Amino acid sequence: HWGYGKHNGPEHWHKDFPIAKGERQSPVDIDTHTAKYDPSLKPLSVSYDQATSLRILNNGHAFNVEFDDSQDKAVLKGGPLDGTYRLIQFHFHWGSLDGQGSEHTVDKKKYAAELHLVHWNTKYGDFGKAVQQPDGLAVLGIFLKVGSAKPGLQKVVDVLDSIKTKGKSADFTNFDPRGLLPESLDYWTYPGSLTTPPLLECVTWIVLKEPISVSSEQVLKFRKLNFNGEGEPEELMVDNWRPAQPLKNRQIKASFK
């Protein structure tokens, strides 16, 4: 099945998922000189005060922090979006070294990691219905650079030991995703896709300009995770990023001058 290796990694995905070569694939390189400022874009509204995290899971590709999405608790609105999008999960992509790891790039710069906060359009009633629609998902993407520690990440880092291998989960209640956000909400936006199989072309991407800082020690704990299951040969969970895909007939818009 799919992964990140030589034999099953991103260049192979199109055989099982032919949309991999589709018209609106993600991630992309953001060329900051050709993204146009769009004065018609609104400020993003991120309302995470009532977010209810439940659990953290090692799915064999990354780890997912899952939320209770059974009420409007944690929602994204505004910006480029019409209507209201509910937070369901977040996860990260990261590298084996600090010079790689992000999915999106900015003028071909790769960051050490990238955080994706995934939200679904409430007008389609559940996530599985939403991913079948071109406006079904909104993903907030946030870059990570290595420098100072991010205090709001440490609770996540703390628990990784308990979910080392594929299929392991742990209770993860009361985690506040506001502590993962940068100071500014300036962003780029474009229409794209999920960056893992099934690669569905259902996402409005909102990529924040300002990275968060995490410490080397924090990242190093992500790189001790395993893609394998318990009692299988160890293969470190690193380099779980899809490279940039062709922009094709799309425009990236900036919220800021």
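The residues of chain A that appear here are 4-260 by Swiss-Prot count, in order.
A Cβ is built for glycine as well, from the same backbone N, Cα and C atoms used for every other residue.
Copied over from Swiss-Prot, here are the features:
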- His64: active site, proton donor/acceptor (ACT_SITE)
- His94, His96, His119: Zn(2+) binding site (BINDING)
- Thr198, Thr199: substrate binding site (BINDING)
- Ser165: phosphoserine (MOD_RES)
- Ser172: phosphoserine (MOD_RES)
- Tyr7: site 'Fine-tunes the proton-transfer properties of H-64' (SITE)
- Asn62: site 'Fine-tunes the proton-transfer properties of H-64' (SITE)
- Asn67: site 'Fine-tunes the proton-transfer properties of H-64' (SITE)
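Contacts of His94 (Zn(2+) binding site) defined by a Cβ separation under 8 A and a same-chain sequence distance of 6+ are given as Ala65, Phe66, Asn67, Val68, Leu118, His119, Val121, in order along the sequence. In sequence order, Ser29, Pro30, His96, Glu106, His119, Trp244, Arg245 are the residues of the chain that are 6 or more apart from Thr198 (substrate binding site) and have a CB within less than 8 Å of its CB.
Listed recorded positions: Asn67, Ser165, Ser172, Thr199. The one with the lowest count of other Cβ atoms within 10 Å of its Cβ is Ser165.
Cβ neighbour density within 10 Å is lowest for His64 among the recorded positions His64, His96, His119. Ranking the recorded sites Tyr7, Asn62 by how many other Cβ atoms lie within 10 angstroms of each Cβ puts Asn62 at the bottom.
Other than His94, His96, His119, the residues of this chain whose Cβ falls within 8 Å of the Cβ centroid of the Zn(2+) site are, in sequence order, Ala65, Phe93, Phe95, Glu106, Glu117, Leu118, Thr198. Taking the C-alpha positions, the distance from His64 (active site, proton donor/acceptor) to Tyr7 (site 'Fine-tunes the proton-transfer properties of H-64') comes to 8 Å.
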